[PDB]
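Only one structure is covered here, and it is reproduced in the block below.
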């Protein structure tokens with residue numbers, strides 16, 4: 001199962 | 001052995017042609033098991049190995065939600081990165097992320113990964129302590145200070161020591177007959193006359209899984225690596241891999257040459273020669 | 001800036017004239033990801049499938065493009081790749097020994 005970064009760069 | 005779960009995220013801006021396109025794929029070892037494409041109509045996480053179709057719809061529902069999140073976050077990323085580098089609006093740019101976990105034989109987390117590239121060059125990477133970042137440049141340093149200030153690494157830490165190792169073990173179980181069964185290479189030598197001075201001996205490794213292999217030629221016990229043609233390992237298209245190594249030998253000399261094949265699927269290393 | 005793609009064109013199985021088989025074009029090491037990859041029969045574009053875009057440790061992309069084919073003495077097969085790293089499209093002939 002994947003994951004998305006809390007915040008943008 | 002050392003199994004791995006890896007996700008690969010790619011976003012490409014297309015100035016004039018709308019918003020950026022997001023593409024994700026996930027792999028266990030050398031086996032692709034999911035994809036997502038933000039250009040798909042009603043885009044969803046789609047299984048691409050037999051053994052992942054045996055989750056509930058909610059498994060795909062979950063992955064779908066996360067990939068839509070990753071798609072959205074990257075749309076901002078491509079915008080803020082254009083700002084960081086003070087680039088114009090007209091050029092297309094790329095953001096890549098590779099993250100996942102390695103499981104060592106103990107069955108516990110051996111190593112976590114979470115790294116980024118902008119237009120194909122290192123940008124920022126979570127260090128193996130899972131607390132500090134390595135920024136490639138002055139733009140990425142901005143990102144490093146912001147992600148350290150916010151404590152973003154804890155969230156990847158969480159995911160990594162929790163979900164990643166857990167789902168890797170699920171996939172390795174559900175896919176036992178495929179993922180944890182190594183297919184040995186079938187090796188043969190071919191013989192391709194070139195001239196009076198030269199005959200090409202080609203050693204072939206076909207039908208092997210996983211991808212990792214060593215293919216060498218020896219002349220009377222003497223490794224020929226510096227003076228042999230070696231192709232990059234290539235997908236057969238059926239989930240197995242191919243490779244060959246070749247040497248130019250004087251005709252009559254053929255029986256001086258031995259081809260060596262090592263692969264985790266072979267009880268013994270193969271030694272073979274022409275005919 | 002851009003990285004030039006490497007190209008191998010090969011059959012899934014050792015080619016036998018008259019035996020249906022699968023023609024592969026593996027193109028790897030390239031950046032940026034925008035690329036045109038076609039399989040050609042006598043210079044004419046064949047119907048193909050392309051793998052999902054992925055990339056290696058060094059961030060360079062790789063794709064497999066493939067179709068059904070039946071080798072013959074009559075027919076030439078080639079993979080055509082166009083990418084920003086190249087002045088013009090490269091074509092790589094299929095040879096059964098490669």
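Just so you know, all these numbers are worked out from the coordinates, no wet-lab data involved. Cβ atoms come from the backbone with ideal geometry, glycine included; neighbour counts cover every protein chain shown.
Kirkwood hydrodynamic radius for chain C: how many Å is it when counted over pairs of different Cα atoms?
13.8 Å
Rounded, prolate or oblate, given the Cα gyration tensor of chain B, with a/c below 1.5 counting as rounded?
The shape class here is prolate.
Using only DSSP helix segments of four residues or longer, with each worth -39500 (n - 2.57), what per-residue ellipticity at 222 nm results for chain B after dividing by its residue count and rounding to 500?
My calculation for chain B gives -7000 deg cm²/dmol from helical runs alone.
Compute the FRET efficiency between residue B:238 and residue C:1 as 1/(1 + (r/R0)^6), taking r as their Cβ-Cβ distance and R0 = 35 Å, and round to the nearest 0.05.
0.45
What is region B:1-153 by shape, rounded, prolate or oblate, if you read a ≥ b ≥ c off the alpha carbon gyration tensor as root eigenvalues and call it rounded for a/c under 1.5, prolate for a/b larger than b/c, and oblate otherwise?
Judged from the Cα gyration tensor, region B:1-153 comes out oblate (a/c at least 1.5, b/c at or above a/b).
Suppose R0 equals 25 Å. What FRET efficiency, 1/(1 + (r/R0)^6) with r the Cβ-Cβ distance, do residue C:82 and residue B:88 give to the nearest 0.05?
Computed FRET efficiency for residue C:82 and residue B:88: 0.50.
Is region B:186-272 rounded, prolate or oblate when judged by the Cα gyration tensor, a ≥ b ≥ c being the square roots of its eigenvalues, rounded requiring a/c under 1.5 and prolate requiring a/b larger than b/c?
Cα axes put region B:186-272 in the prolate bin.
Relative contact order, percent, of chain C when contacts are C-alpha pairs under 8 Å separated by at least 6 residues?
It rounds to 34 percent for chain C.
Subtracting the Cα-Cα distance from 0.36 nm times the residue separation, let me have the gained length for residue B:80 to residue B:163 in nm, one decimal.
Value of the extension gain: 26.9 nm.
Post the alpha-carbon centroid distance, region B:11-74 to region B:183-242, in whole angstrom.
Taking the Cα centre of region B:183-242 as reference, the centre of region B:11-74 is 36 Å away.
Given the options B:13, B:92, B:195, which has the most mean-square fluctuation in a GNM of chain B, springs set between C-alpha atoms less than 10 angstrom apart?
Per the Cα network of chain B with a 10 Å cutoff, B:195 tops the list.
I need to check one value: relative contact order of chain B, counting alpha carbon pairs closer than 8 Å and at least 6 residues apart, in percent.
Relative contact order for chain B comes out at 13 percent.
With chain B treated as a Gaussian network of Cα nodes joined by springs under 10 Å, which of B:104, B:18, B:69 yields the largest mean-square fluctuation?
Top of the fluctuation ranking is B:18.
On a 0 to 90° scale, report how tilted helix B:57-84 is relative to the longest principal axis of chain B, with both axes built from alpha carbons and the result rounded to the nearest 10.
80 degrees
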